[PDB]
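Trainee: First, the structure itself, so that you have it in front of you.
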Amino acid sequence: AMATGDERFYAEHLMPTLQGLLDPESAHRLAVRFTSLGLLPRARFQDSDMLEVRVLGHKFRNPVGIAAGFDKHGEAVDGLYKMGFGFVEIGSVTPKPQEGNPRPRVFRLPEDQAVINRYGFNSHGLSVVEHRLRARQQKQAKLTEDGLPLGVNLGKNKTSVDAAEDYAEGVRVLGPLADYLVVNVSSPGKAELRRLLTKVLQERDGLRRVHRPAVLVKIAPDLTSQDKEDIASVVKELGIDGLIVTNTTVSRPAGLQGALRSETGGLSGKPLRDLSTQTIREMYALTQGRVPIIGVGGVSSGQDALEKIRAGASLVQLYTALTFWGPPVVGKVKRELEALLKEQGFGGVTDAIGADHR
Ligand SMILES: CCn1c(CO)nn(-c2nc(O[C@@H](C)C(F)(F)F)c(C(=O)Nc3c(C)cnc(OC)c3Cl)cc2F)c1=O
Ligand SMILES: Cc1cc2nc3c(=O)[nH]c(=O)nc-3n(C[C@H](O)[C@H](O)[C@H](O)COP(=O)(O)O)c2cc1C
Ligand SMILES: O=C(O)c1cc(=O)[nH]c(=O)[nH]1
């Protein structure tokens with residue numbers, strides 16, 4: 001096809017050329033800028049009804065989202081929908097502005113189709129992002145109505161003594177502008193998690209009904225069996241709306257070839273894929289298939305997307321694949337997912353959710 005040819009040109013020539021000419025943070029910064037200005041093709045992949053998912057109190061036109069980290073400050077939301085993402089997650093956004101870690105803090109492992117990052121939650125802050133989303137609030141209301149929801153990932157400041165209050169601040173400021181909110185959880189213990197999430201949910205429940213977002217918990221793949229058992233219990237107990245599975249890994253799987261493999265940070269991309277899919281599988285089973293999962297980590301194809309869906313994910317996200325494949329990856333994943341769904345006898349995405357477990 002014309003799509004596969006375009007996909008090959010970006011993957012084989014354009015992206016390796018551009019990534020050779022730019023440091024990885026400049027590449028990211030330019031990507032946000034080009035996307036913010038809408039410098040993209042119109043829309044050759046019109047989304048099939050097969051790709052539609054209804055979850056988290058919302059229509060999703062397709063299940064392929066852009067993961068948190070690409071658009072930390074909500075600068076490129078409209079361009080991301082133009083790129084063909086069925087939903088956009090912005091952030092992480094911290095309460096106060098902060099610079100994050102010293103540069104260099106992003107590293108490419110092209111031999112592994114992986115990235116390492118240690119951004120350290122660089123953020124323009126809730127106030128800047130609030131006013132930025134307010135400027136396009138009604139445009140977003142229509143987009144959400146048309147099946148294109150907006151998520152916001154809420155972080156905390158580096159020097160914060162009270163993590164729960166930073167997240168609470170985020171619920172109050174950005175919850176009215178979001179379809180869903182995300183709080184990242186690291187390794188717990190169980191009572192501390194219950195306390196934090198209770199406060200987050202209380203703050204969410206205090207917003208007016210019309211501006212009341214879903215609340216999701218995002219987990220790393222590096223948790224113990226007991227951490228995962230505890231998270232599942234608390235999430236079911238409190239009525240947490242969903243799980244995002246997973247963040248980057250602090251592990252370094254055997255077989256990484258990139259020179260920069262020993263850089264401190266979170267590893268993303270292909271080496272994360274099956275660690276992430278197995279975490280989805282575990283969390284789906286520990287929650288009895290009753291907590292919607294957003295599957296993320298190493299999605300670069302329809303097969304990768306479908307494996308996460310069959311393992312228990314209602315929706316997927318990607319980021320790292322975009323750095324190697326460019327904008328055509330979104331259409332690629334969607335086309336390939338649709339084809340595989342047909343090949344496996346599923347009417348749509350919804351039928352495939354948790355199919356491995358049945
Ligand atoms: C992890 C940090 N990180 C890295 C490094 O690891 N790369 N990266 C990305 N870089 C991108 O392009 C650069 C090479 C750019 F300099 F060209 F901006 C894009 C991207 O989509 N670029 C675009 C757009 C938007 C429109 N039109 C295009 O071509 C006609 C292209 Cl190539 C997406 C990314 F996630 C990124 O976030
Ligand atoms: C450069 C970079 C920055 C990221 N920043 C964030 C962030 O601020 N908050 C967050 O929850 N996840 C962040 N992530 C994690 C991604 O959202 C995603 O969970 C992870 O990269 C796995 O997906 P992928 O393999 O498709 O990239 C970041 C990832 C990368 C590569
Ligand atoms: O900002 C970061 O460093 C960051 C946040 C996060 O949640 N995940 C990640 O890989 N990096």
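Ordered as shown in the structure tokens, chains take letters A, B, and onward, while each chain numbers its residues from 1 and ligands are numbered from 1 in the order shown.
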Could you pull the residues within 9 Å of residue 314 in chain A, counting only C-alpha atoms, minus those fewer than 6 positions along the same chain, as a list in words?

Mentor: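 These residues fall inside the cut-off: residues 53, 54, 55, 63, 292, 293, 294, 295, 308, 349, 350, 352, 353 and 354 of chain A.
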
Trainee: Select from range 182-286 of chain A every residue with an atom at most 10 Å from any atom of range 102-109 of chain A, then for each give the shortest pair of atoms and their distance in Å to one decimal, using only C-alpha atoms, rows by chain and rising number, as a Markdown table.

Mentor:
```
| residue | atom | partner | partner_atom | distance |
| --- | --- | --- | --- | --- |
| A:256 | CA | A:109 | CA | 8.4 |
| A:257 | CA | A:109 | CA | 7.7 |
| A:258 | CA | A:109 | CA | 4.7 |
| A:259 | CA | A:109 | CA | 7.3 |
| A:260 | CA | A:109 | CA | 6.6 |
| A:261 | CA | A:109 | CA | 7.1 |
| A:263 | CA | A:107 | CA | 7.7 |
| A:264 | CA | A:105 | CA | 8.7 |
| A:265 | CA | A:105 | CA | 8.1 |
| A:266 | CA | A:106 | CA | 9.5 |
| A:267 | CA | A:107 | CA | 9.5 |
| A:268 | CA | A:109 | CA | 9.8 |
| A:269 | CA | A:109 | CA | 9.4 |
```

Trainee: Would you mind listing, for every residue of chain A within 7 Å of ligand 3, the two atoms forming the shortest contact and the distance between them in Å to one decimal, using only C-alpha atoms and all ligand atoms, sorted by chain and ascending residue number, as JSON lines?

Mentor:
```
{"residue": "A:69", "atom": "CA", "partner": "ligand 3", "partner_atom_place_in_ligand_line": "1 (O)", "distance": 6.7}
{"residue": "A:92", "atom": "CA", "partner": "ligand 3", "partner_atom_place_in_ligand_line": "7 (O)", "distance": 6.7}
{"residue": "A:117", "atom": "CA", "partner": "ligand 3", "partner_atom_place_in_ligand_line": "10 (O)", "distance": 5.8}
{"residue": "A:118", "atom": "CA", "partner": "ligand 3", "partner_atom_place_in_ligand_line": "3 (O)", "distance": 4.2}
{"residue": "A:119", "atom": "CA", "partner": "ligand 3", "partner_atom_place_in_ligand_line": "3 (O)", "distance": 3.5}
{"residue": "A:120", "atom": "CA", "partner": "ligand 3", "partner_atom_place_in_ligand_line": "3 (O)", "distance": 3.7}
{"residue": "A:121", "atom": "CA", "partner": "ligand 3", "partner_atom_place_in_ligand_line": "1 (O)", "distance": 3.5}
{"residue": "A:122", "atom": "CA", "partner": "ligand 3", "partner_atom_place_in_ligand_line": "1 (O)", "distance": 6.0}
{"residue": "A:184", "atom": "CA", "partner": "ligand 3", "partner_atom_place_in_ligand_line": "7 (O)", "distance": 6.6}
{"residue": "A:247", "atom": "CA", "partner": "ligand 3", "partner_atom_place_in_ligand_line": "8 (N)", "distance": 5.7}
{"residue": "A:248", "atom": "CA", "partner": "ligand 3", "partner_atom_place_in_ligand_line": "10 (O)", "distance": 4.7}
{"residue": "A:266", "atom": "CA", "partner": "ligand 3", "partner_atom_place_in_ligand_line": "10 (O)", "distance": 4.6}
{"residue": "A:267", "atom": "CA", "partner": "ligand 3", "partner_atom_place_in_ligand_line": "10 (O)", "distance": 6.9}
```

Trainee: Store the residues picked out above, limited to N, CA and C atoms, as an mmCIF file, in the first residue's frame.

Mentor:
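As a result, again.cif now contains:
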```cif
data_model
loop_
_atom_site.group_PDB
_atom_site.id
_atom_site.type_symbol
_atom_site.label_atom_id
_atom_site.label_comp_id
_atom_site.auth_asym_id
_atom_site.auth_seq_id
_atom_site.Cartn_x
_atom_site.Cartn_y
_atom_site.Cartn_z
ATOM 1 N N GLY A 69 4.062 11.774 28.710
ATOM 2 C CA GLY A 69 5.475 12.060 28.457
ATOM 3 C C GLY A 69 5.827 12.729 27.160
ATOM 4 N N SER A 92 3.352 14.008 32.649
ATOM 5 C CA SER A 92 2.874 14.378 33.992
ATOM 6 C C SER A 92 2.993 15.885 34.252
ATOM 7 N N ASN A 117 14.944 7.277 29.577
ATOM 8 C CA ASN A 117 14.743 8.677 29.993
ATOM 9 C C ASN A 117 14.847 8.849 31.494
ATOM 10 N N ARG A 118 15.349 10.012 31.891
ATOM 11 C CA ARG A 118 15.330 10.446 33.274
ATOM 12 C C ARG A 118 14.985 11.936 33.307
ATOM 13 N N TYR A 119 13.865 12.287 32.673
ATOM 14 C CA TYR A 119 13.385 13.682 32.626
ATOM 15 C C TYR A 119 13.222 14.306 34.006
ATOM 16 N N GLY A 120 12.720 13.521 34.958
ATOM 17 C CA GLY A 120 12.500 13.981 36.320
ATOM 18 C C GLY A 120 11.302 14.895 36.487
ATOM 19 N N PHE A 121 10.240 14.649 35.710
ATOM 20 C CA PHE A 121 8.972 15.372 35.815
ATOM 21 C C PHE A 121 9.150 16.883 35.599
ATOM 22 N N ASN A 122 9.845 17.225 34.518
ATOM 23 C CA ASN A 122 9.902 18.598 34.020
ATOM 24 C C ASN A 122 8.478 19.015 33.653
ATOM 25 N N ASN A 184 0.457 8.213 39.121
ATOM 26 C CA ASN A 184 1.478 7.150 39.103
ATOM 27 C C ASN A 184 1.745 6.642 40.521
ATOM 28 N N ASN A 247 4.154 1.862 33.145
ATOM 29 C CA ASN A 247 5.207 2.871 32.999
ATOM 30 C C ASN A 247 6.498 2.209 32.469
ATOM 31 N N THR A 248 7.583 2.982 32.433
ATOM 32 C CA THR A 248 8.897 2.458 32.074
ATOM 33 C C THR A 248 9.455 1.547 33.158
ATOM 34 N N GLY A 266 14.292 5.268 33.110
ATOM 35 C CA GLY A 266 13.272 4.323 32.718
ATOM 36 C C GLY A 266 13.474 3.878 31.286
ATOM 37 N N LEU A 267 13.457 2.562 31.073
ATOM 38 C CA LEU A 267 13.541 1.954 29.742
ATOM 39 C C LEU A 267 12.139 1.761 29.167
#
```

Trainee: Restricting the calculation to only C-alpha atoms, which member of A:176, A:147, A:297, A:213 is positioned closest to residue 244 in chain A?

Mentor: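 Of A:176, A:147, A:297, A:213, the one nearest residue 244 in chain A, counting only C-alpha atoms, is A:297.
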
Trainee: Give me, as a tab-separated table, each residue of chain A that comes within 9 Å of ligand 1, together with its shortest interatomic pair and the distance in Å at one decimal, counting only C-alpha atoms and all ligand atoms, with rows ordered by chain and rising residue number.

Mentor:
```
residue	atom	partner	partner_atom_place_in_ligand_line	distance
A:10	CA	ligand 1	32 (Cl)	7.2
A:14	CA	ligand 1	32 (Cl)	6.7
A:15	CA	ligand 1	14 (C)	5.7
A:16	CA	ligand 1	14 (C)	8.1
A:17	CA	ligand 1	14 (C)	8.2
A:18	CA	ligand 1	14 (C)	4.9
A:19	CA	ligand 1	14 (C)	5.3
A:20	CA	ligand 1	14 (C)	8.8
A:21	CA	ligand 1	16 (F)	8.6
A:22	CA	ligand 1	16 (F)	6.9
A:23	CA	ligand 1	5 (C)	7.3
A:24	CA	ligand 1	5 (C)	3.8
A:25	CA	ligand 1	2 (C)	5.7
A:26	CA	ligand 1	16 (F)	6.7
A:27	CA	ligand 1	16 (F)	3.8
A:28	CA	ligand 1	37 (O)	3.6
A:29	CA	ligand 1	18 (F)	6.8
A:30	CA	ligand 1	18 (F)	4.1
A:31	CA	ligand 1	18 (F)	3.3
A:32	CA	ligand 1	25 (C)	6.5
A:33	CA	ligand 1	25 (C)	7.5
A:34	CA	ligand 1	25 (C)	4.9
A:35	CA	ligand 1	25 (C)	4.6
A:36	CA	ligand 1	25 (C)	8.4
A:38	CA	ligand 1	26 (C)	8.2
A:39	CA	ligand 1	26 (C)	5.8
A:40	CA	ligand 1	26 (C)	5.5
A:41	CA	ligand 1	27 (N)	8.4
A:69	CA	ligand 1	37 (O)	8.2
A:70	CA	ligand 1	37 (O)	5.6
A:71	CA	ligand 1	37 (O)	8.6
A:79	CA	ligand 1	25 (C)	8.3
A:80	CA	ligand 1	25 (C)	8.7
A:83	CA	ligand 1	25 (C)	8.3
A:106	CA	ligand 1	1 (C)	6.4
A:107	CA	ligand 1	6 (O)	6.3
A:108	CA	ligand 1	6 (O)	5.1
A:109	CA	ligand 1	6 (O)	8.4
A:110	CA	ligand 1	6 (O)	8.9
A:114	CA	ligand 1	6 (O)	8.3
A:115	CA	ligand 1	6 (O)	5.9
A:116	CA	ligand 1	1 (C)	8.0
A:117	CA	ligand 1	1 (C)	7.3
A:319	CA	ligand 1	35 (F)	6.3
A:320	CA	ligand 1	1 (C)	6.3
A:321	CA	ligand 1	35 (F)	7.6
A:322	CA	ligand 1	35 (F)	4.6
A:323	CA	ligand 1	34 (C)	4.0
A:324	CA	ligand 1	7 (N)	7.2
A:325	CA	ligand 1	21 (O)	8.0
A:326	CA	ligand 1	21 (O)	4.4
A:327	CA	ligand 1	21 (O)	4.8
A:328	CA	ligand 1	21 (O)	8.4
```

Trainee: Give the answer as one residue: which of A:48, A:153, A:276, A:225 has the shortest atom-to-atom distance to residue 91 in chain A, using only C-alpha atoms?

Mentor: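 The shortest atom-to-atom distance to residue 91 in chain A comes from A:153.
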
Trainee: Could you check which of A:250, A:181, A:311, A:11 is closest to residue 113 in chain A, using only C-alpha atoms?

Mentor: A:11

Trainee: Measuring atom to atom with only C-alpha atoms and all ligand atoms, identify which of A:171, A:339, A:51, A:66 is nearest to ligand 2.

Mentor: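 Distance minimum relative to ligand 2 lands on A:66.
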
Trainee: For residue 156 in chain A, please output as a PyMOL selection string all residues within 8 Å (counting only C-alpha atoms; exclusion window: fewer than 3 positions along the same chain).

Mentor: chain A and resi 93-95+160+163+166-167

Trainee: Select, from A:215, A:296, A:355, A:77, the residue with the minimum atom-to-atom distance to ligand 2, counting only C-alpha atoms and all ligand atoms.

Mentor: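 Checking each of A:215, A:296, A:355, A:77 against ligand 2, counting only C-alpha atoms and all ligand atoms, the winner is A:296.
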
Trainee: Compare A:43, A:246, A:87, A:128 by their minimum atom-to-atom distance to ligand 2, counting only C-alpha atoms and all ligand atoms, and give me the closest one.

Mentor: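 When distances to ligand 2 are compared using only C-alpha atoms and all ligand atoms, the smallest one comes from A:246.
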
Trainee: Just the strand (DSSP E) stuff from range 58-302 of chain A, please, per backbone DSSP, written as a VMD selection string.

Mentor: chain A and resid 58 to 60 64 to 66 87 to 93 106 to 109 114 to 117 150 to 154 180 to 185 214 to 219 242 to 245 266 to 269 293 to 296

Trainee: By how many Å are CA of residue 341 in chain A and CA of residue 306 in chain A apart?

Mentor: 7.8 Å

Trainee: Need the shell around residue 236 in chain A: protein/DNA/RNA residues with any atom at most 10 Å away, counting only C-alpha atoms. Skip same-chain ones fewer than 5 positions apart. Format as a list in words?

Mentor: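 Within the cut-off, the hits are residues 231, 241, 242, 286, 287, 288, 290 and 291 of chain A.
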